[PDB]
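Visitor: Data file entry12.txt (compact mmCIF, C-alpha atoms and all ligand atoms) is appended below.
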# COMPACT_ATOMS: atom_id res chain seq x y z
CA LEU A 4 79.49 -6.57 87.95
CA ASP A 5 81.02 -6.97 84.50
CA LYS A 6 80.72 -5.00 81.27
CA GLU A 7 78.52 -7.56 79.49
CA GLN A 8 76.00 -7.31 82.38
CA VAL A 9 76.10 -3.52 82.43
CA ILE A 10 75.46 -3.39 78.66
CA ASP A 11 72.80 -6.07 78.73
CA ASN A 12 70.91 -3.88 81.26
CA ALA A 13 71.52 -0.79 79.16
CA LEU A 14 69.94 -2.44 76.15
CA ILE A 15 66.86 -3.32 78.19
CA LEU A 16 66.71 0.26 79.46
CA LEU A 17 67.13 1.56 75.92
CA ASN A 18 63.94 -0.28 74.90
CA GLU A 19 62.13 0.99 77.99
CA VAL A 20 62.98 4.73 77.70
CA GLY A 21 64.61 5.39 74.29
CA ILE A 22 67.87 7.14 73.38
CA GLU A 23 66.99 10.61 74.73
CA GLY A 24 65.77 9.26 78.07
CA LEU A 25 68.77 6.93 78.45
CA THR A 26 71.24 8.31 81.02
CA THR A 27 74.00 6.78 83.20
CA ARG A 28 72.16 7.84 86.37
CA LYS A 29 69.17 5.83 85.08
CA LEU A 30 71.43 2.89 84.14
CA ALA A 31 73.07 2.96 87.62
CA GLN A 32 69.64 2.94 89.28
CA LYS A 33 68.41 0.00 87.14
CA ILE A 34 71.53 -2.13 87.86
CA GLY A 35 71.29 -1.15 91.57
CA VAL A 36 74.76 0.36 91.95
CA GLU A 37 76.19 3.76 92.85
CA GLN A 38 77.20 6.01 89.96
CA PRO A 39 80.97 5.93 90.69
CA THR A 40 80.81 2.11 90.45
CA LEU A 41 79.19 2.40 87.04
CA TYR A 42 81.73 5.05 86.02
CA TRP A 43 84.48 2.45 85.68
CA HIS A 44 82.49 0.55 83.02
CA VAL A 45 80.80 3.53 81.32
CA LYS A 46 82.44 6.96 81.81
CA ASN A 47 79.57 8.95 80.25
CA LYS A 48 76.54 8.84 77.89
CA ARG A 49 78.67 9.13 74.77
CA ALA A 50 80.71 6.14 75.90
CA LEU A 51 77.50 4.20 76.68
CA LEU A 52 76.04 4.94 73.23
CA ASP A 53 79.25 3.78 71.59
CA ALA A 54 79.18 0.50 73.55
CA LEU A 55 75.48 -0.08 72.68
CA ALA A 56 76.02 0.53 68.97
CA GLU A 57 78.96 -1.93 68.95
CA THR A 58 77.18 -4.61 71.02
CA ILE A 59 73.97 -4.44 68.98
CA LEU A 60 76.00 -5.21 65.82
CA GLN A 61 78.02 -7.95 67.66
CA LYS A 62 74.73 -9.54 68.82
CA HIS A 63 72.64 -9.18 65.67
CA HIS A 64 74.55 -8.27 62.53
CA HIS A 65 76.02 -11.56 61.40
CA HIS A 66 76.46 -11.11 57.65
CA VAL A 67 79.74 -9.10 57.90
CA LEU A 68 81.83 -11.21 55.50
CA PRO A 69 81.07 -12.87 52.19
CA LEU A 70 80.08 -16.50 52.39
CA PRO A 71 82.31 -18.80 50.27
CA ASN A 72 79.58 -19.12 47.57
CA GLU A 73 79.03 -15.33 47.32
CA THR A 74 79.48 -12.76 44.57
CA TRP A 75 80.20 -9.20 45.67
CA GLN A 76 76.62 -8.32 44.69
CA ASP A 77 75.20 -11.09 46.92
CA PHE A 78 77.46 -9.98 49.71
CA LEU A 79 76.44 -6.32 49.64
CA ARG A 80 72.82 -7.43 49.40
CA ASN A 81 72.98 -9.67 52.44
CA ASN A 82 75.22 -7.36 54.43
CA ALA A 83 72.69 -4.56 54.00
CA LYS A 84 69.73 -6.76 54.93
CA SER A 85 71.62 -8.02 58.00
CA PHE A 86 72.47 -4.40 59.02
CA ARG A 87 68.92 -3.18 58.59
CA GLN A 88 67.53 -5.97 60.70
CA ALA A 89 70.10 -5.33 63.41
CA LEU A 90 69.25 -1.61 63.45
CA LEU A 91 65.56 -2.50 63.70
CA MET A 92 66.05 -4.76 66.74
CA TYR A 93 66.31 -2.00 69.28
CA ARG A 94 64.32 1.10 69.99
CA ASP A 95 66.00 4.10 68.36
CA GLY A 96 68.48 1.67 66.76
CA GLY A 97 69.21 4.08 63.88
CA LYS A 98 69.92 7.01 66.23
CA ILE A 99 72.11 4.63 68.29
CA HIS A 100 74.17 3.65 65.30
CA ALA A 101 74.57 7.17 63.85
CA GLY A 102 77.95 8.82 64.46
CA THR A 103 79.82 5.77 65.77
CA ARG A 104 83.30 5.12 64.41
CA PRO A 105 84.42 1.52 63.73
CA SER A 106 85.19 -0.53 66.84
CA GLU A 107 88.54 -2.29 67.52
CA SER A 108 86.57 -5.60 67.43
CA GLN A 109 85.33 -4.72 63.91
CA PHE A 110 88.70 -3.66 62.45
CA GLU A 111 89.62 -6.95 60.80
CA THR A 112 86.25 -7.75 59.19
CA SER A 113 85.95 -4.10 57.93
CA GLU A 114 89.43 -4.47 56.49
CA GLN A 115 88.47 -7.75 54.68
CA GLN A 116 85.27 -6.08 53.36
CA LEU A 117 87.37 -3.36 51.78
CA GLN A 118 89.96 -5.85 50.39
CA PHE A 119 87.14 -8.02 49.02
CA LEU A 120 85.61 -5.08 47.14
CA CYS A 121 89.05 -4.16 45.82
CA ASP A 122 89.60 -7.72 44.57
CA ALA A 123 86.23 -7.51 42.78
CA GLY A 124 87.76 -4.63 40.78
CA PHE A 125 86.59 -1.54 42.68
CA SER A 126 89.13 1.15 43.45
CA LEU A 127 89.60 1.75 47.16
CA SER A 128 87.63 4.98 46.93
CA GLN A 129 84.79 3.23 45.16
CA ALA A 130 84.84 0.39 47.69
CA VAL A 131 84.58 2.90 50.52
CA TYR A 132 81.80 4.82 48.80
CA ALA A 133 79.97 1.57 47.97
CA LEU A 134 80.00 0.47 51.65
CA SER A 135 79.12 3.99 52.81
CA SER A 136 76.09 3.95 50.46
CA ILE A 137 74.54 0.81 51.93
CA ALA A 138 75.15 2.06 55.40
CA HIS A 139 73.68 5.53 54.81
CA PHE A 140 70.60 4.34 52.85
CA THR A 141 69.91 1.58 55.38
CA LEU A 142 70.32 4.08 58.19
CA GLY A 143 68.03 6.69 56.61
CA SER A 144 65.49 3.97 55.77
CA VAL A 145 65.53 2.69 59.38
CA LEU A 146 65.45 6.15 60.97
CA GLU A 147 62.35 7.04 58.89
CA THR A 148 60.68 3.75 59.83
CA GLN A 149 61.47 4.17 63.51
CA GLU A 150 60.69 7.90 63.68
CA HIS A 151 57.45 7.60 61.70
CA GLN A 152 56.30 4.95 64.19
CA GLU A 153 57.22 7.08 67.25
CA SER A 154 55.15 10.10 66.05
CA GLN A 155 51.92 8.07 66.11
CA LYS A 156 49.06 10.62 66.41
CA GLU A 157 49.00 14.32 67.50
CA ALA A 167 43.33 14.82 52.01
CA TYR A 168 46.34 13.78 49.83
CA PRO A 169 46.23 14.12 46.01
CA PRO A 170 45.77 10.85 44.05
CA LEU A 171 49.30 9.67 43.27
CA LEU A 172 50.52 10.82 46.69
CA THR A 173 47.74 8.84 48.46
CA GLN A 174 49.02 5.65 46.82
CA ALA A 175 52.68 6.56 47.52
CA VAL A 176 51.90 6.94 51.23
CA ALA A 177 50.09 3.59 51.34
CA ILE A 178 52.94 1.96 49.42
CA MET A 179 55.61 3.12 51.92
CA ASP A 180 53.60 2.62 55.12
CA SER A 181 51.92 -0.74 54.30
CA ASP A 182 55.10 -2.76 55.00
CA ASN A 183 57.22 -0.30 57.01
CA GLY A 184 59.52 0.39 54.05
CA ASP A 185 60.54 -3.21 53.22
CA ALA A 186 59.74 -3.29 49.52
CA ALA A 187 61.30 0.12 49.00
CA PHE A 188 64.45 -0.90 50.86
CA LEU A 189 64.76 -4.06 48.70
CA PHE A 190 64.21 -2.20 45.39
CA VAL A 191 66.72 0.50 46.11
CA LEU A 192 69.28 -2.00 47.33
CA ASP A 193 69.03 -3.80 44.00
CA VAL A 194 69.20 -0.43 42.19
CA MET A 195 72.39 0.47 44.07
CA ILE A 196 73.84 -2.93 43.14
CA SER A 197 72.98 -2.48 39.42
CA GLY A 198 74.52 0.98 39.44
CA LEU A 199 77.72 -0.41 40.99
CA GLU A 200 77.90 -3.09 38.32
CA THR A 201 77.88 -0.24 35.78
CA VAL A 202 80.77 1.39 37.66
CA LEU A 203 82.81 -1.86 37.32
CA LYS A 204 81.83 -2.25 33.68
CA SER A 205 83.83 0.93 32.71
CA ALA A 206 87.54 0.14 33.28
CA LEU B 4 52.92 37.59 67.36
CA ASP B 5 52.50 35.57 64.18
CA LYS B 6 53.50 32.05 63.17
CA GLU B 7 56.38 33.13 60.91
CA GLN B 8 57.93 35.02 63.87
CA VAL B 9 57.41 32.12 66.27
CA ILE B 10 59.09 29.72 63.81
CA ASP B 11 61.89 32.11 62.93
CA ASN B 12 62.73 32.21 66.69
CA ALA B 13 62.43 28.45 66.94
CA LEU B 14 64.97 27.99 64.19
CA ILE B 15 67.40 30.27 65.99
CA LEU B 16 66.81 28.34 69.20
CA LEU B 17 67.29 25.06 67.35
CA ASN B 18 70.81 26.17 66.37
CA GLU B 19 71.51 27.33 69.92
CA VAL B 20 70.39 24.18 71.83
CA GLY B 21 69.76 21.35 69.31
CA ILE B 22 66.73 19.09 68.81
CA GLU B 23 66.81 17.36 72.23
CA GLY B 24 67.16 20.63 74.14
CA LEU B 25 64.43 22.35 72.08
CA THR B 26 61.20 22.65 74.10
CA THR B 27 58.11 24.91 73.91
CA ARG B 28 58.84 26.28 77.40
CA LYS B 29 62.27 27.33 76.06
CA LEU B 30 60.69 28.76 72.88
CA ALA B 31 58.12 30.72 74.96
CA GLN B 32 60.92 32.15 77.13
CA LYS B 33 63.01 33.20 74.09
CA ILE B 34 60.06 34.96 72.38
CA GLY B 35 59.11 36.57 75.74
CA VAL B 36 55.55 35.28 75.97
CA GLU B 37 53.57 33.08 78.34
CA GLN B 38 53.20 29.42 77.38
CA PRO B 39 49.41 29.54 76.78
CA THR B 40 50.03 32.35 74.24
CA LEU B 41 52.53 30.14 72.43
CA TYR B 42 50.12 27.20 72.63
CA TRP B 43 47.88 28.70 69.96
CA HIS B 44 50.73 28.70 67.42
CA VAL B 45 52.51 25.51 68.56
CA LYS B 46 50.46 23.00 70.60
CA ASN B 47 53.42 20.79 71.55
CA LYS B 48 57.00 19.71 70.65
CA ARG B 49 55.84 17.30 67.97
CA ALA B 50 53.89 20.09 66.32
CA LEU B 51 56.92 22.41 66.58
CA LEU B 52 59.22 19.83 64.97
CA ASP B 53 56.76 19.35 62.14
CA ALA B 54 56.62 23.12 61.51
CA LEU B 55 60.44 23.40 61.57
CA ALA B 56 60.93 20.54 59.13
CA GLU B 57 58.40 22.11 56.72
CA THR B 58 59.78 25.67 57.04
CA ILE B 59 63.40 24.59 56.60
CA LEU B 60 62.46 22.98 53.25
CA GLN B 61 60.30 26.03 52.26
CA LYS B 62 63.26 28.33 53.05
CA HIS B 63 66.13 26.29 51.61
CA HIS B 64 65.11 23.41 49.36
CA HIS B 65 64.39 25.08 46.05
CA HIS B 66 64.99 22.32 43.50
CA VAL B 67 61.59 20.59 44.00
CA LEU B 68 60.51 20.48 40.34
CA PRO B 69 62.36 19.75 37.13
CA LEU B 70 63.62 22.78 35.27
CA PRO B 71 62.35 22.97 31.65
CA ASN B 72 65.76 21.81 30.29
CA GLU B 73 65.96 18.79 32.66
CA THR B 74 66.05 15.03 32.16
CA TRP B 75 64.67 12.91 34.99
CA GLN B 76 68.28 11.99 35.86
CA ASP B 77 69.28 15.68 36.14
CA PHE B 78 66.20 16.35 38.19
CA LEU B 79 66.81 13.59 40.74
CA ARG B 80 70.44 14.67 40.92
CA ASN B 81 69.65 18.29 41.65
CA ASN B 82 66.71 17.54 43.90
CA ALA B 83 68.94 15.38 46.08
CA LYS B 84 71.72 17.97 46.21
CA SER B 85 69.17 20.68 47.09
CA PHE B 86 67.69 18.44 49.87
CA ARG B 87 71.07 17.60 51.35
CA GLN B 88 72.08 21.23 51.51
CA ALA B 89 68.79 22.17 53.12
CA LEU B 90 69.19 19.42 55.75
CA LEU B 91 72.72 20.65 56.42
CA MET B 92 71.62 24.26 57.06
CA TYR B 93 70.35 23.70 60.55
CA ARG B 94 71.72 21.98 63.58
CA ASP B 95 70.27 18.46 63.82
CA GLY B 96 68.62 19.06 60.42
CA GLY B 97 68.51 15.32 59.65
CA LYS B 98 66.85 14.47 62.99
CA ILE B 99 64.42 17.37 62.35
CA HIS B 100 63.42 16.03 58.98
CA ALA B 101 63.08 12.36 60.03
CA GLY B 102 59.52 11.12 60.55
CA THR B 103 57.69 14.09 59.03
CA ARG B 104 54.83 13.38 56.64
CA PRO B 105 54.34 15.59 53.56
CA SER B 106 52.93 19.05 54.29
CA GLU B 107 49.73 20.48 52.71
CA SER B 108 51.98 23.18 51.12
CA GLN B 109 54.08 20.42 49.49
CA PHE B 110 51.18 18.33 48.14
CA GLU B 111 51.12 19.72 44.61
CA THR B 112 54.87 19.68 43.92
CA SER B 113 55.14 16.11 45.39
CA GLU B 114 52.28 15.11 43.12
CA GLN B 115 54.06 16.60 40.03
CA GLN B 116 57.31 14.82 41.04
CA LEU B 117 55.48 11.51 41.01
CA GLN B 118 53.68 12.29 37.70
CA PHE B 119 56.99 13.38 36.15
CA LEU B 120 58.67 10.10 37.09
CA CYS B 121 55.68 8.20 35.72
CA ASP B 122 55.89 10.09 32.42
CA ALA B 123 59.59 9.16 32.23
CA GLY B 124 58.41 5.52 32.16
CA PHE B 125 58.64 4.46 35.82
CA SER B 126 55.72 2.61 37.34
CA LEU B 127 54.14 4.43 40.26
CA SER B 128 55.75 2.01 42.69
CA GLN B 129 59.15 2.54 41.13
CA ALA B 130 58.67 6.32 41.16
CA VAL B 131 57.84 6.19 44.85
CA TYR B 132 60.78 3.93 45.61
CA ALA B 133 63.10 6.10 43.49
CA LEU B 134 62.13 9.26 45.45
CA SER B 135 62.27 7.37 48.76
CA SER B 136 65.83 6.24 47.91
CA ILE B 137 67.21 9.75 47.44
CA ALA B 138 65.50 10.91 50.55
CA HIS B 139 66.71 8.02 52.73
CA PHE B 140 70.32 8.03 51.45
CA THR B 141 70.55 11.82 51.74
CA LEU B 142 69.09 11.62 55.23
CA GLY B 143 71.44 8.86 56.39
CA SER B 144 74.39 10.69 54.80
CA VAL B 145 73.45 13.94 56.58
CA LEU B 146 72.70 12.29 59.94
CA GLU B 147 76.16 10.62 59.89
CA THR B 148 77.82 13.92 58.97
CA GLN B 149 75.97 15.83 61.66
CA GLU B 150 76.27 13.15 64.36
CA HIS B 151 79.95 12.47 63.68
CA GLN B 152 80.62 16.20 64.14
CA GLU B 153 78.64 16.39 67.43
CA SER B 154 80.63 13.53 69.05
CA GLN B 155 83.91 15.47 68.74
CA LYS B 156 86.28 14.00 71.39
CA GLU B 157 85.63 11.84 74.52
CA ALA B 167 95.42 2.30 65.29
CA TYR B 168 93.29 1.41 62.20
CA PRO B 169 94.46 -1.25 59.69
CA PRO B 170 95.81 0.09 56.34
CA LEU B 171 92.80 0.13 54.03
CA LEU B 172 90.53 1.27 56.87
CA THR B 173 92.88 4.20 57.70
CA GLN B 174 92.47 5.49 54.14
CA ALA B 175 88.68 4.85 54.16
CA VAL B 176 88.32 6.97 57.31
CA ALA B 177 90.36 9.81 55.79
CA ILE B 178 88.37 9.55 52.56
CA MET B 179 84.99 9.96 54.32
CA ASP B 180 86.04 12.57 56.89
CA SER B 181 88.22 14.81 54.67
CA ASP B 182 85.21 16.47 52.99
CA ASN B 183 82.36 15.63 55.38
CA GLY B 184 80.95 12.99 53.02
CA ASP B 185 80.60 15.13 49.86
CA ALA B 186 82.42 12.94 47.37
CA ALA B 187 80.73 9.83 48.70
CA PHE B 188 77.31 11.45 48.49
CA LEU B 189 77.96 12.49 44.85
CA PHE B 190 79.25 9.03 43.80
CA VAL B 191 76.36 7.15 45.29
CA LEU B 192 73.83 9.57 43.86
CA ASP B 193 75.22 8.88 40.39
CA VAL B 194 75.23 5.13 41.16
CA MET B 195 71.55 5.29 42.17
CA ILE B 196 70.80 7.17 38.94
CA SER B 197 72.64 4.56 36.79
CA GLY B 198 70.80 1.75 38.54
CA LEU B 199 67.46 3.46 37.86
CA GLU B 200 68.34 3.83 34.19
CA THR B 201 68.79 0.03 34.16
CA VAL B 202 65.32 -0.34 35.71
CA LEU B 203 63.82 1.73 32.84
CA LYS B 204 65.84 -0.16 30.24
CA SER B 205 63.88 -3.43 30.97
CA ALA B 206 60.27 -2.85 29.82
CL CL C 301 84.55 -6.48 82.63
CL CL C 302 49.63 33.65 62.12
Any chance you could give the structure as structure tokens?
Guide:
Amino acid sequence: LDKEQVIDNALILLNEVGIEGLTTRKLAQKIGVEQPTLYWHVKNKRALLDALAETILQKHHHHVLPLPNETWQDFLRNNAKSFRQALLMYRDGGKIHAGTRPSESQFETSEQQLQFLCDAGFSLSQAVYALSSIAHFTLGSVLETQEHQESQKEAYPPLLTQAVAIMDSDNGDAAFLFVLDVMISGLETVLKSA
Amino acid sequence: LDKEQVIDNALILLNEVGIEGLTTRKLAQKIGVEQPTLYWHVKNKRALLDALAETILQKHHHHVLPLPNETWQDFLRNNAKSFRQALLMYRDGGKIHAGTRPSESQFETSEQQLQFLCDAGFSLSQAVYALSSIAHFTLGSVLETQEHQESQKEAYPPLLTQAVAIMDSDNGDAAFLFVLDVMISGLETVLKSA
């Protein structure tokens, strides 16, 4: 019984029951071990949630550094798309990611992200805010998508009728893409004054 | 026993136990009524959550229309600040807001928001995306703030150490403000090409 196996099962369970319903007792039962055996790998729910958030990004969020051919704009664009897709992979992915601090495994790439934005001419603060922006917008976008879907069932004015169709018709994709490009334009304007 | 009273109690309960722990059975017990009596006002948890999200905005989110002296930029700026503060009023405010569709009470102001952005020279799509952006970023920002706080307890590289301090030292305020202004600059660039 190794960690990888424990977490692989936890991810399957997460899709079966969601974040609220996910407990260690439930994980222990699914794996077919006693709870004190599981304890060694996952001490509690908070520790489980942390491990899931980190593993989901390890498994699915592959655009964490700029490619050699990439501008900072391209990088932020593809990083955000990669993040969004990773959050969308798993049930309650947005709730899973929320409130997790960077993982020891992520330290070096997160450091190079910050350095890379600094070399582009952002101050450190601005770099941090720029990365925080993508993350928060992507997270809010995903949480809305996921939550809207989960509340399925139990007379709008004209412009609002079209606005609802426009957001729902593609689960927020076009709106995500537009705003991402808007955030990137706005950041270019930040660089342009120095 | 009227709706206002039911919901006032529910908001107090929400702060006491959080979104997960909030149930109708618990609400009924707090009010001191039988569950079938409560049923008439709130049919289930999903209906309760909807009513809380709507009432929290009614009670605390007052910058929903432009003031007479306001540019569209000023408006989006103050609308977003007003929203953020309203989401921050209540425990799990971000989770409460997520996945709620506009309320019949909100129809007319939401319609005027959209019209106002159209009159500024945004296409309807762009208007919808622009409003969605604020909402999603504010929501992700708030959810991170709230969730980070809730996971209190149970060696960063140099730039990352400073980035963590920078985000945590004011619970995301400076970063929210910067990105809001970045989103507004980027939207100005959208208008500038037509
Ligand atoms: Cl192991
Ligand atoms: Cl009533």
Visitor: Counting all atoms listed in the file, which residues have an atom no more than 8 Å from (63.8, 30.8, 71.9) in the file's coordinates? Please list them as a PyMOL selection string.
Guide: chain B and resi 12-13+15-16+29-34
Visitor: Taking all atoms of range 72-89 of chain B that the file lists and extending 6 Å past them on each side, where is the centre of the axis-aligned box and how long are its edges? Answer in Å to one decimal, as lines of an AutoDock Vina configuration file.
Guide:
center_x = 68.4
center_y = 17.1
center_z = 41.7
size_x = 19.4
size_y = 22.2
size_z = 34.8
Visitor: Take CA of residue 189 in chain A and CA of residue 84 in chain B and report the distance between them in Å, one decimal.
Guide: 23.2 Å
Visitor: Please identify every residue of chain B that has at least one atom no farther than 7 Å from an atom of ligand CL 302 (chain C), counting all atoms listed in the file, and for each give the shortest atom pair and the distance in Å to one decimal, arranged by chain then increasing number, as JSON lines.
Guide:
{"residue": "B:5", "atom": "CA", "partner": "C:CL302", "partner_atom": "CL", "distance": 4.0}
{"residue": "B:6", "atom": "CA", "partner": "C:CL302", "partner_atom": "CL", "distance": 4.3}
{"residue": "B:7", "atom": "CA", "partner": "C:CL302", "partner_atom": "CL", "distance": 6.9}
Visitor: Can I get the residues close to ligand CL 301 (chain C) as an MDAnalysis selection string, where close means within 12 Å and we count all atoms listed in the file?
Guide: chainID A and resid 4:10 41 43:45
Visitor: Near chain A, meaning an atom within 6 Å, which residues of chain B appear when counting only C-alpha atoms? Write them as number ranges by chain.
Guide: B: 101-102, 114, 131-132, 139-140, 142-144, 147, 150-151, 172, 175, 187, 194-195, 197-198
Visitor: Can you spit out the residues from that selection as an mmCIF file, keeping the file's coordinate frame, using C-alpha atoms?
Guide:
data_model
loop_
_atom_site.group_PDB
_atom_site.id
_atom_site.type_symbol
_atom_site.label_atom_id
_atom_site.label_comp_id
_atom_site.auth_asym_id
_atom_site.auth_seq_id
_atom_site.Cartn_x
_atom_site.Cartn_y
_atom_site.Cartn_z
ATOM 1 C CA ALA B 101 63.080 12.360 60.030
ATOM 2 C CA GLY B 102 59.520 11.120 60.550
ATOM 3 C CA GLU B 114 52.280 15.110 43.120
ATOM 4 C CA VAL B 131 57.840 6.190 44.850
ATOM 5 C CA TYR B 132 60.780 3.930 45.610
ATOM 6 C CA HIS B 139 66.710 8.020 52.730
ATOM 7 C CA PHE B 140 70.320 8.030 51.450
ATOM 8 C CA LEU B 142 69.090 11.620 55.230
ATOM 9 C CA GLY B 143 71.440 8.860 56.390
ATOM 10 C CA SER B 144 74.390 10.690 54.800
ATOM 11 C CA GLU B 147 76.160 10.620 59.890
ATOM 12 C CA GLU B 150 76.270 13.150 64.360
ATOM 13 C CA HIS B 151 79.950 12.470 63.680
ATOM 14 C CA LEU B 172 90.530 1.270 56.870
ATOM 15 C CA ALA B 175 88.680 4.850 54.160
ATOM 16 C CA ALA B 187 80.730 9.830 48.700
ATOM 17 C CA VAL B 194 75.230 5.130 41.160
ATOM 18 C CA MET B 195 71.550 5.290 42.170
ATOM 19 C CA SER B 197 72.640 4.560 36.790
ATOM 20 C CA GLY B 198 70.800 1.750 38.540
#
Visitor: CA of residue 95 in chain A and CA of residue 67 in chain A are how many Å apart?
Guide: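 These two atoms are separated by 21.7 Å.
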Visitor: Have a look at B:82, B:40, B:108, B:18 and name the one nearest to residue 69 in chain B; count only C-alpha atoms.
Guide: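 For residue 69 in chain B, the nearest of the given residues is B:82.
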Visitor: Just the number, please: distance in Å from CA of residue 56 in chain A to CA of residue 73 in chain A, one decimal.
Guide: 27.0 Å
Visitor: Give the answer as one residue: which of A:99, A:92, A:203, A:123 has the shortest atom-to-atom distance to residue 25 in chain A, using all atoms listed in the file?
Guide: A:99
Visitor: Smallest atom-to-atom distance to residue 93 in chain B: which of B:36, B:22, B:70, B:177, using all atoms listed in the file?
Guide: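 The answer is B:22, which sits nearest to residue 93 in chain B.
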